[PDB]
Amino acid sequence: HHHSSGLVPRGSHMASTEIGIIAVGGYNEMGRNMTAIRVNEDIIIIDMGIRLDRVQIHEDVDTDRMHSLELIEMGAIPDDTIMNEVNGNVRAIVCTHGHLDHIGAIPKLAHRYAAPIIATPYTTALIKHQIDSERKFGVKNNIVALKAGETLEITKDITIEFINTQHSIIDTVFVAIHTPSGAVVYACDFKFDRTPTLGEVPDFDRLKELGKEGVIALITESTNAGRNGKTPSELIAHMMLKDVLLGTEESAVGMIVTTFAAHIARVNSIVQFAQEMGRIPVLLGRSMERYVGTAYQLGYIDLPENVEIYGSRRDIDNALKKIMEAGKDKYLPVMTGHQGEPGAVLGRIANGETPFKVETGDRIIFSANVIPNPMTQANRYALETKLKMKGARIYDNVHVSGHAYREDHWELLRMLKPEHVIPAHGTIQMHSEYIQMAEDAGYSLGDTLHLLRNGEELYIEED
């Protein structure tokens, strides 16, 4: 009557953890990133960012005076009101680095959470400055510096680990949240760089170790997952910049370099080249003085003792007057204004509001890309037109990306071996590209590969 069919060994389940991946902002767009990681009833927030272009489309703005609710209505700050309906209490806010798409919304949203703000030293300095620049939301959260390779136990069941990585700003980290059932890894704004000009090479060994210890979920940026191959190293930008600055038959012509003030590796390269060219490096711009000086006071960069740094309008105008009468061949001005921002040094120069006069053949080196949005594109077009009309020669895009490419994401999937993968930090189109890469690696959409929209919670019941 009855035949035996077979046997199956049932596994043990010694620890049941309910994980929640909550997408607050930056899953439908570039900017205003915010993620919440729930471990049963505790919540770790990662990255309260701003979306700058939605600010730029309104002329009468002054983000500093606006309340967070209007900023949410504008879509510039993550709509974190969904947090009142996530089942848990926030125990920490973590920021992976100091870019505004990760810390820009801190002074508008952090004060409502009874939780510290945990970040790397440079990031904590930048967060403190960002909060100090507003006196409308009095945000006085405890601010904790956690260095890369260090751990901090936030709950008996939750620990936070920073992993060193590379990016277009120093002191970027992966975040690993360790839970009774494994690790949740957050990797947004990262880049593998085996030859960085500043810092150490990302911790591939620890990444393999984490992959072997158990990763429940990987939250990772999708920004350049559609660019084939691997990201070029910062060394490539360094060498291209060296060739533009030194490899020329027009040594004694005027030269200006503009780049991101927070791109400390790039700025460091530029000032060392200045020493090679026999020119004095002159950093111009409030943001230049702030960011480079902060880096210097934390021991992140070294600086030649002939460097000159001016952030004040009249010190800047005076330095430019001194440069003009001493000879532009005698200095290398590194200044703000690469996106044509009004009020930045290069834009005031282009408008003739300056003692510095651009002449035919003067070289202007944009060690940056143009941010692909119509607003910044219009500003850069106006600035470049003005500079070209005064005879300047433009060296654009002397630059490499700060984001992992498709094959970098492939390698990170192979190292971390996550049970689940969640693309973050982009549009649904960038997520599409990531999804096709992840399917190539074995993941399945809606099963182990998850497409989230702003305001959605993915629940993971890990045995």
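Counting begins at 1, following the sequence as shown.
Participant: Given the B-factors recorded for C-alpha atoms, which segment has the greater mean, 92-100 or 137-145?
Facilitator: Looking at the recorded C-alpha B-factors, 137-145 comes out higher on average.
Participant: If you take the mean CA temperature factor per stretch, which one wins between 420-428 and 54-62?
Facilitator: In the deposited entry, the stretch with the higher C-alpha B-factor mean is 54-62.
Participant: Looking at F192, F260, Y186, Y300, which has the biggest Cα B factor in the entry?
Facilitator: Of the options given, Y300 has the highest CA B-factor in the PDB entry.
Participant: Name the residue from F174, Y381, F204, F366 with the greatest C-alpha temperature factor listed in the entry.
Facilitator: Max CA B-factor in the entry, restricted to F174, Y381, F204, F366: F204.
Participant: Test of reading the entry: by CA B factor among the chain's modelled residues, which third contains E341?
Facilitator: Lowest third of the chain for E341's C-alpha B-factor.
Participant: Ordered by C-alpha B-factor within the chain, which third holds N454? Give me lowest, middle or highest, please.
Facilitator: For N454, the deposited C-alpha B-factor lands in the lowest third.
Participant: Using the B-factor values recorded in the entry, state whether the Cα atom of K156 falls in the lowest, middle or highest third among the modelled residues of its chain.
Facilitator: Within its chain, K156 is a highest-third residue by C-alpha B-factor, going by the deposited values.
Participant: Could you say whether, by C-alpha temperature factor, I21 belongs to the lowest, middle or highest third of its chain?
Facilitator: Middle third of the chain for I21's C-alpha B-factor.
Participant: Among the modelled residues of this chain, does the Cα B factor of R414 put it in the lowest, middle or highest third?
Facilitator: It falls in the middle third of the chain.
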